[PDB]
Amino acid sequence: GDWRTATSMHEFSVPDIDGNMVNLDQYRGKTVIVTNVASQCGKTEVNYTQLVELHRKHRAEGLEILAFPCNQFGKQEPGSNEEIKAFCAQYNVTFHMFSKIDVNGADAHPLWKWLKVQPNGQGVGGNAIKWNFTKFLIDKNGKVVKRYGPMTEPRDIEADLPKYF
């Protein structure tokens, strides 16, 4: 697959939660957090509340958050795209929600296959996504600059935003 040839997130297109293709080059010149989400995770509440807080705190500086539902971790995202959309409403999410995807395995979405092999997006302990709410920080040129594991509270990504704003 051609994802292997990409040098930037801006080369991918991915369906949003309504099913509509989003060309990610529209986020050129924005700092972006990409994260895999789920609704039935022990850290669902801390992640959605803190991602909303971080997005409200920094969206006027150009921060974007792209959230990808994924059911591969404990079957913790069983709902349809419509049900996930409704679920997020309780958190007042105004960042970008995407259609549910796989992030691991042969059928993972190409964007996520690409994120996992980026020099700053490689995990040791394999590149595989380990659980719900892994995060990647992506710069204004669509390069991965940091990867954060499932335990990372979204507020702790503040440490790294001045680097890239």
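Residues carry their position along the shown sequence, with the first being 1.
Participant: Highest mean C-alpha temperature factor of the two stretches 32-40 and 117-125, which is it?
Facilitator: Looking at the record's C-alpha B-factors, the answer is 117-125.
Participant: Please work out which of 88-96 and 68-76 has the higher mean CA B-factor as recorded in the PDB entry.
Facilitator: Going by the record's values, the stretch with the higher mean is 88-96.
Participant: Test of reading the entry: by CA B factor among the chain's modelled residues, which third contains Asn141?
Facilitator: As the PDB entry reports it, the C-alpha B-factor of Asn141 lands in the highest third of its chain.
Participant: Looking at the C-alpha B-factor of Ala106, is it in the lowest, middle or highest third of its chain?
Facilitator: Answer is highest: the recorded C-alpha B-factor places it there.
Participant: By the record's CA B-factor, is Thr49 among the lowest, middle or highest third of residues in the chain?
Facilitator: Middle third, going by the recorded CA B-factors of the chain.
Participant: Against its chain's modelled residues, does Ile157's Cα B factor rank lowest, middle or highest third?
Facilitator: It falls in the bottom third of the chain.
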